[PDB]
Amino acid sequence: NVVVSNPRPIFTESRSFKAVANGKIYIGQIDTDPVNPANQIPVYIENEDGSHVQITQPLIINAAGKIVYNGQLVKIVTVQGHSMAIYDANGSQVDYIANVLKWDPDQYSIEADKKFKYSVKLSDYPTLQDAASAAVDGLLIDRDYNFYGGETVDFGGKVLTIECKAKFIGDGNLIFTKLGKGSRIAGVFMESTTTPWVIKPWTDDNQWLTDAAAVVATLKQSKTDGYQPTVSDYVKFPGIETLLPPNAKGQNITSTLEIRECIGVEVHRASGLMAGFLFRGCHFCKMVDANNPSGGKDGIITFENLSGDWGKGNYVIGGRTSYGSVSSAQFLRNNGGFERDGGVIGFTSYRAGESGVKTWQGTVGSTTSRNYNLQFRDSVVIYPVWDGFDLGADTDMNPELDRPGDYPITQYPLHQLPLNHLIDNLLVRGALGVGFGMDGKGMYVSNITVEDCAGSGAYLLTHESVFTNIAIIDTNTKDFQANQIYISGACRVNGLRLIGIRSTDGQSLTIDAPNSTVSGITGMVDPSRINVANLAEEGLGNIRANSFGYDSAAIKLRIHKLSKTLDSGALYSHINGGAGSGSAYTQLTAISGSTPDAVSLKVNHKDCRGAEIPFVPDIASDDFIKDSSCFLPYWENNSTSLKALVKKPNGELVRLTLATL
C-alpha cells in the first residue's frame, strides 16, 4: 500500500510563514559549512528516465519555495549523506542541518545488520567473481552456472562458506583462489558441457573384457558408465589404438574445480559428471565425503604440489568416486612428515580407468612427483582397470637414472626409498591390473585383503619390509602370466592367506617371494606353487592333524630343493577295516626313485599289533649305515637269511646273521 503524498520539498522561512523566495541551498560534507567550496559535494538533477546532470551550487529556490534550475522544477540528488544550509535572498541563514541522514534514521537497518546471517547468492550477480567480491560470510550457488575453461575467482582472503545447490557446468577448470583458511565448499556439482565418447570394458555380467575389438564395440557417447580412452588403454588392450575411431582418441573432457594455492580449504560432499577436483599447491586441504562424482579424463581427486613446498595436511577423508579415465585419488610431491599428516582414510573407489589410489612415481617436469609419510587406511578399491592401490615411488618399466628434487639413487637404490607410509586395513576386489602394488625399503604393512581379481593380487618391489596379516584370495583369475603375489626384495611376511575357491592349475606360482621369509600361510595352496627363501612355523603348540573324508590322516614333509611337486617323507595314520573298527596303522615313509612313500615302516597294519620293518633287499654296503650302536637288516637271498650290518658302539662294523629258516 502506497500513501498519496507530496514528495517535492518546499523550503520555508524559520521565523515567519513564507517561502524562502529566491533563496539558495548549499550541499556538502557532513558536519561542515557547505557554503565553502572546499566542503561542497557533487549535486545532480535526476531525470525521469534516471539519467543525471551535474549542476553547480548554490541550488536556487524559486518564489514558491521549490528548487529550480533555469526556472524549471528539478529533483536534486547526491551520492552520499550530506550537510545542508539554506539561505534567504538577503543572505541570512534560514536553516542548517549538519547531517540530513540523522533526521530520518532507519533504525531497522542497524538492527537487521546485527541480527541476520550474511550470505550472497549467485542468482543476484552476473558472474561468479561478482558474487565472490560481494561475499562476507556465506555464498550460495543457487543457479546453474556456465563457466569457461580457466575462469578464475579471487575470494579476497575471506573465510567463506560456499553452499552449492546448483551446478557448475563447463569443460575445463574453474579456478578458485585466495580463499582464507577455514573456507568450506559444500555440495559442489561439476558437469562437463561436452558429452564424450566412452568405452565400457566390462560385460552385463560384470566380467572384464580384454579383447581390443570387444572394447571398441562398447563405444557410446555418455558422461558416465565408462571412460574416455587414454594412451594407457593402448597398453591395457593391445591393438585398440588402431581399432579406435579418431573421435574416441585424444579426448580431454573434464569439468574440474581447481583450488589453487590455498591453505585450510575443505570440499565436502562434492559430486558431478565428467568431474574432477584439483588441489594445486595447497596445504591442509581436504576432500571430505565425496558424494560419488563420476570422473572425466583427469584424476577425480588430485593433490599436486610440484611447485612450492611439499604438500602436507592434504587428505581424502570418506566418500567415494566412480569411473574416470585415470586414478580416483592421487598425490604428487606430498610429505606428511613424521606426524603422517595427509593421505586417504575411509575412501571407496569404483571403476577407476587407472588406479583407485595412486602416489605418483618418477620425475614429472623438472622435479619429483613422489610422496612420503602418508596414511592409506580403512579404504576400499573395487574394479579398477589397473591397480587397487598403487603406492610405488620409483618407475617400474623404463626407470629414470636419477631423481631430481628427491634422494639420489646413490643414496637409495631404485625401489628402496624410505617412503614411511602408514598402510593398514585396505580392501581391494575386482582389479584387472594389480590389486595392491608398492615399493620402498623399511615399510610396515598390515591387514590387507585382496580378493576376486582378474589381475594379480599384489606386486611388491619392497626391501627389508614387513607384511602382517595379508590375504590374497582368488587373484589372477584370468590366469595371466603372473604370480598372485610377488615380492622382489628381502622381506618378512607374517600371516598370509592364499586361495579361495578358484583352482590354480592354470597358473604359475601363487607366491613368488624369492628373498622373503614367510610364516603362517593358510588355505588350499598348491605347495608346488610356493616360492620363498624360508618358510617356518617356529612357535606352534601341541598339534593334531584332523582328516575328514579320507581313510587316512597325514603329516607330510616336502624338501623343495629335492622336489617341489613330491613329498619326500610322511607320517600317516591309516584305517584298518572301515569306519568304527577301533583300529588304525601308523606309517613312516621316505621317497625313493621319485616315488613318494616308496619305503616305509608300519605299526599295527591289519591290527597285527607289530612293527613292519623294511630291510635292504640285497647285501648292504658299509656306507649304508649312518650311526654308531645301530643295525641295518639286509637280505641274503642265496641262503634265505636276513643279516644285520652292525655299527658297534665303538664305531666299527660287523656283519651278523639276524634270521634264518
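Residue indices: 1-based, along the sequence shown.
> Is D130 missing in a third or more of the other PDB entries that were compared?
No, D130 is modelled in every other compared entry.
> What about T302, is it left unmodelled in a third or more of the other PDB entries we looked at?
No, modelled in all of them.
> Once you work out the mean C-alpha B-factor for both 301 to 309 and 418 to 426 from the entry, which is higher?
On average, C-alpha B-factors are higher across 301 to 309.
> Tell me which of 151 to 159 and 390 to 398 has the higher mean C-alpha B-factor in the deposited entry.
Between 390 to 398 and 151 to 159, it is 390 to 398 that shows the higher mean C-alpha B-factor.
> Say you rank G580, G342, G239, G324 by Cα B-factor from the PDB entry; which sits at the top?
Result of the comparison over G580, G342, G239, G324: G239.
> Taking the Cα B-factors listed in the entry, which of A214, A545, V493, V450 comes out highest?
Highest C-alpha B-factor among the listed residues goes to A214.
> Classify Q40 as lowest, middle or highest third according to the C-alpha B-factor given in the PDB entry, relative to its own chain.
Tercile = highest for this residue's CA B-factor.
> Using only modelled residues of the chain, where does the Cα B factor of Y69 rank: lowest third, middle third or highest third?
Top third by C-alpha B-factor.
> In terms of the chain's CA B-factor thirds, is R609 lowest, middle or highest?
For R609, the deposited C-alpha B-factor lands in the lowest third.
> According to the PDB entry, is the CA B factor of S5 in the bottom, middle or top third of its chain, that is, lowest, middle or highest?
Highest third - that is where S5 ends up once the chain's C-alpha B-factors are sorted.
> Comparing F284 with the other modelled residues of its chain, is its CA B-factor in the lowest, middle or highest third?
CA B-factor rank for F284: lowest third.
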